[PDB]
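A short write-up of the structure that comes next.
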Amino acid sequence: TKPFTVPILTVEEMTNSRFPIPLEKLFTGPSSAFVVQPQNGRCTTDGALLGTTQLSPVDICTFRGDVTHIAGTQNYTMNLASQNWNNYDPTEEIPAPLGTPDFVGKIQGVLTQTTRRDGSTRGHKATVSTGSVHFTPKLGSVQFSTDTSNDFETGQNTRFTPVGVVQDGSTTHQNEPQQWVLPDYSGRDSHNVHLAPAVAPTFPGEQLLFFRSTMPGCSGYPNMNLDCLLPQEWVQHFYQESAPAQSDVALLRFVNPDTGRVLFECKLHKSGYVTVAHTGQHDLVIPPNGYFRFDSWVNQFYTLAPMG
Amino acid sequence: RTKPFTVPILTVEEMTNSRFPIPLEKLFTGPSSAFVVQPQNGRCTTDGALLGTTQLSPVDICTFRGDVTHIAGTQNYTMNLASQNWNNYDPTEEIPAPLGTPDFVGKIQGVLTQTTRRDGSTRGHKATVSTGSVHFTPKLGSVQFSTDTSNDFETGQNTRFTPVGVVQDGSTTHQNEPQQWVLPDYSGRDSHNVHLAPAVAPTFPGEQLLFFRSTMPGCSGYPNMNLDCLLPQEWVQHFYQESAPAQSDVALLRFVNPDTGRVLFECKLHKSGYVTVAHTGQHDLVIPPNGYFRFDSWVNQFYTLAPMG
């Protein structure tokens, strides 16, 4: 058959699939006190995308559409367009538009607008709160708060470029964002739909292995921790390769080129997430040039050597 | 012989600009003799060798990491550049500038974000870097930002510039900037740019370069937001991984429309890492949104293409 592979990139060479910044470290911990159900960076080893997951490492947490002012406030409503500027179809069987943020928090960035008749051009600091009742991307509308009350024109193309997250310093530190809480994609009191499955360890002593980045802080004492289940580069890779999963789990070894020895082994489940044999929280310590290597297909019950 | 050469099965829209972190939009072809096509980003050979300031992350293009220091009684800051992993920048490394450094003259506006190690405090201000400025000296490890505030950023604390769009003066001539096909003075005035990826051009009759085009976001004024790269970032990434030996100076590509099955046009992918098509004049290509590039065979300098239309 066609052979399964993972990219020969370092953790640092790769990119977070849940927000557009690169990866920094591996991290493992216990996933029962919370719900690991991200909609971004979700893909099966045989190349099937899931949830709101899409291919561009850049168009994650971005928004395209036209805007309309909200009287006597500095808020704007954006009517969402598809990524190619085509119309957004809410009937499409997906939790929300592809790339929609998959966590509750206040994402701050910049609304940019280019005015078609004269190629005039403006840019304002803007924030979208995915917890807000006005955050209804699945319905094709989302609400931004803003620098100005007059600047943006109607019927002209508008882009939100995400930058970092934000938090209220008056209150409890690192209270937002909540990374493992999904937004109400369709507004309040309406069910999220077509979600990628929640994940968890299904073997004794195993914990999830997270690919972790630290989101930028515009202001406040945000909790900038952001873990994804698969590096975006892996989503991209699996999608291309579409190599048939031959067994329950793909056994990966993490190798150090420097010494040529294996540092640890892990399970890549065909569902598209990783587990390691370890108990407790741990930021993994790794050779900066170390990479993941696929070794064999093994079943539910292969016992992993411990991580350390 | 060897590992077979391939190009990714992505659409233009599925792919990403290699010269600024936004996705591709259209194919465009035109004449490349009135200007110098010598970008340092999205430059890679078909057998996987990165060139110029080209690097792998589609996100870390036109970004800057380092620490900052205020410039007395102005709202400008000087950033002392760090490598991508926050390690120290080595100007002795044989590269035009740090990897991912902007490869065009213009005013790039974004946001400087800073996080205070001790207490996890954060702040973020609107910022602009002008790559034409005499203070834009990335190869020496320093770059200058203009800013929202005069007191906020602390010294010795990690700082990140996240690019957003480009900018221009509305009082001045329109579309006069940025200048996409003009390299910055990577080492300041008074010093030569060094270790550049080669300039490129058509070397066959009737052929023009084929550009992978995006339109950069405009912050304000009337900027010229056109941005063409020679290879989609996804191709750089792909070639780097595959490292498949070029078997010829050129790889013949066909652009196929999958529902129909038919070929829309053919083009030459040169092992040097740029594309040409047989056509004379400017033209935004019109393509089936789900059409993709397909590698067909290795052919030599002199294979005659069939006109694009």
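In this analysis, Cβ positions are derived from the backbone assuming ideal geometry, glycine residues included, and neighbour counts consider all displayed protein chains. All of this is worked out from the model, or read from it or from the source named; nothing here is a laboratory result.
Reported count of residues in region B:267-305, each being polar (S, T, N, Q) and not in a loop (DSSP other than H, G, I, E, B), is 2. What residue, of A:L49, A:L111, is more than 25 Å from B:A127 (Cα to Cα), hydrophobic (A, V, I, L, M, F, W, C) and touching a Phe, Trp or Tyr at 6+ places or on another chain (Cβ under 7 Å)? Only one candidate qualifies: A:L49.
So is A:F144 assigned by CATH to the domain that holds A:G99, closer than 20 Å to B:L112 by Cα and among the aromatic types (F, W, Y) or not?
It is false that A:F144 is assigned by CATH to the domain that holds A:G99, closer than 20 Å to B:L112 by Cα and among the aromatic types (F, W, Y).
Scanning region B:214-232 for residues that are touching a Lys or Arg at 6+ places or on another chain (Cβ under 6 Å) and more than 14 Å from every other protein chain (Cβ to nearest Cβ) returns a single hit, B:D228.
The sole residue among A:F238, A:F210 that is crowded, with 21+ Cβ neighbours inside 10 Å, under 24 Å from A:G272 (Cβ atoms) and within 14 Å of chain B (Cβ to nearest Cβ) is A:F238. When residues in region A:33-54 are screened for being touching a helix residue (DSSP H, G or I) at 6+ places or on another chain (Cβ under 6 Å) and on the phi < 0 side of the Ramachandran plot, 2 of them pass. Against the conditions (1) over 20 Å from the mean Cα position of the chain (by Cα); (2) in the same structural domain as A:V36 (by CATH), A:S149 satisfies every one except (2). From the list A:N192, A:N150, A:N175, A:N225, the one residue that fits, being among the polar types (S, T, N, Q) and over 22 Å from A:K106 (Cβ atoms), is A:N150.
Can you say whether B:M15 is at the interface with chain A (Cβ under 10 Å from one of its Cβ atoms), among the aliphatic types (A, V, I, L, M) and in contact with a strand residue (DSSP E or B) (Cβ under 8 Å, 6 or more places away or on another chain), as far as the supplied structure shows? In short, yes.
Pairs meeting the criteria (first residue in region B:18-46 and without any contact (Cβ under 8 Å) to a residue 24 or more places away in the chain and outside the structural domain of B:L285 (by CATH), second residue of a type in the set (S, T, N, Q) and outside any loop (DSSP other than H, G, I, E, B), beta carbons under 6 Å, at least 6 apart or on different chains) are lacking. In region B:60-83, the qualifying residues are those that are assigned to a loop (DSSP other than H, G, I, E, B) and within 13 Å of chain A (Cβ to nearest Cβ), and the one that is farthest from B:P21 (Cα to Cα) is B:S83. Before we move on, is A:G164 surrounded by 15 or more Cβ atoms within 10 Å (Cβ to Cβ), within 18 Å of A:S17 (Cβ to Cβ) and within 20 Å of the chain's Cα centre (by Cα)? It is true that A:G164 is surrounded by 15 or more Cβ atoms within 10 Å (Cβ to Cβ), within 18 Å of A:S17 (Cβ to Cβ) and within 20 Å of the chain's Cα centre (by Cα).
For region A:93-122, filtered to residues that are more than 22 Å from B:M225 (Cα to Cα) and of a type in the set (A, V, I, L, M), the residue that is surrounded by the most Cβ atoms within 10 Å (Cβ to Cβ) is A:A96.
When region A:171-201 is limited to residues that are exposed (fewer than 14 other Cβ atoms within 10 Å of the Cβ) and away from chain B (no Cβ under 13 Å), the one that is nearest to A:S271 (Cα to Cα) turns out to be A:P197. Condition check for A:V276 on (1) closer than 30 Å to B:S121 by Cβ; (2) touching a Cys at 6+ places or on another chain (Cβ under 6 Å); (3) not polar (S, T, N, Q): one failure, at (1). Can you pull out the residues in region B:93-113 that are in contact (Cβ under 8 Å) with a residue 12 or more places away in the chain, more than 8 Å from every other protein chain (Cβ to nearest Cβ) and not aliphatic (A, V, I, L, M)? Within region B:93-113, B:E94, B:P96, B:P98, B:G100, B:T101, B:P102, B:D103, B:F104, B:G106, B:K107 qualify. Residue under question is A:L226, and the condition is that it be among the aliphatic types (A, V, I, L, M) and either more than 25 Å from B:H238 (Cα to Cα) or not assigned by CATH to the domain that holds A:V6 (or both); does it hold? So A:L226 passes the test.
Would you confirm whether any residue within region A:252-272 is crowded, with 22+ Cβ neighbours inside 10 Å and within 17 Å of the chain's Cα centre (by Cα)? Yes. Entry remark, region A:62-105: residues being under 18 Å from A:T161 (Cβ atoms), of a type in the set (S, T, Y) and within 21 Å of the chain's Cα centre (by Cα) number 3 in total.
Would you point out which residue out of A:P90, A:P20, A:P57, A:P38 is buried (at least 19 other Cβ atoms within 10 Å of the Cβ) and either more than 14 Å from every other protein chain (Cβ to nearest Cβ) or not in a loop (DSSP other than H, G, I, E, B) (or both)?
Going through A:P90, A:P20, A:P57, A:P38 in turn, just one is buried (at least 19 other Cβ atoms within 10 Å of the Cβ) and either more than 14 Å from every other protein chain (Cβ to nearest Cβ) or not in a loop (DSSP other than H, G, I, E, B) (or both): A:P38.
If the condition is being within 11 Å of another protein chain (Cβ to nearest Cβ), buried (at least 19 other Cβ atoms within 10 Å of the Cβ) and over 25 Å from B:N17 (Cβ atoms), then region B:124-158 contributes only B:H125.
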